């Protein structure tokens, strides 16, 4: 069976285009300039608050994308289900600065993975999806991924946690 990696991002992001770039293939945060991200295949997924990009569509030149499954157990996801992968397109994010309602800006992100964590409040509550997502990497490999938490170890919000397994052989076999 493929190994399952637990990931907690290294920091909370600012609002605006402060993205943490991650290689699912290599299992690490990667240095990727915001200026050049859309011409850079060193990243598979990227996080700004609980917004998520793939290396696809409006976000990048890769073969990336995402698919929501109706499977809840990562272990029970053994293959990529039938369905069209969603690629990245224009997405509204919180922008830097004072004011309520908060200032926003047009960015790019993935409609499927942006729902991997949902907010309700008060009190401020960040809820990971029960579901497995398929993530397609910049090279087009298939991974199975779940959101875990938006809370640090004190229970304060800002840190995106997830778990995934990646099939390095390029197949849709995710056992």
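Positions refer to the first chain, counted from 1.
Q: Highest mean C-alpha temperature factor of the two stretches 54-62 and 103-111, which is it?
A: Mean C-alpha B-factor is greater for 103-111.
Q: Hey, which bit's got the bigger mean C-alpha B factor in the entry, 71-79 or 86-94?
A: Per the PDB entry, the higher value belongs to 71-79.
Q: Looking at 149, 48, 40, 139, which has the biggest Cα B factor in the entry?
A: The record points to 40.
Q: Check where residue 32 lands among this chain's C-alpha B-factors and tell me if it's the lowest, middle or highest third.
A: Its C-alpha B-factor belongs to the highest third of this chain's values.
Q: Just say lowest, middle or highest third for the CA B-factor of residue 163 relative to the other modelled residues in its chain.
A: For residue 163, whose C-alpha B-factor we compare with every modelled residue in the chain, the answer is the lowest third.
Q: So where's residue 8 on the chain's Cα temperature factor ranking, which third?
A: Residue 8: CA B-factor falls in the lowest third of its chain.
Q: Looking at the entry's B-factor column for C-alpha atoms only, identify whether residue 143 ranks in the lowest, middle or highest third of its chain.
A: According to the entry, residue 143 has a C-alpha B-factor in the chain's lowest third.
Q: Is residue 135 in the lowest, middle or highest third of its chain when residues are ranked by C-alpha B-factor?
A: Answer is lowest: the recorded C-alpha B-factor places it there.
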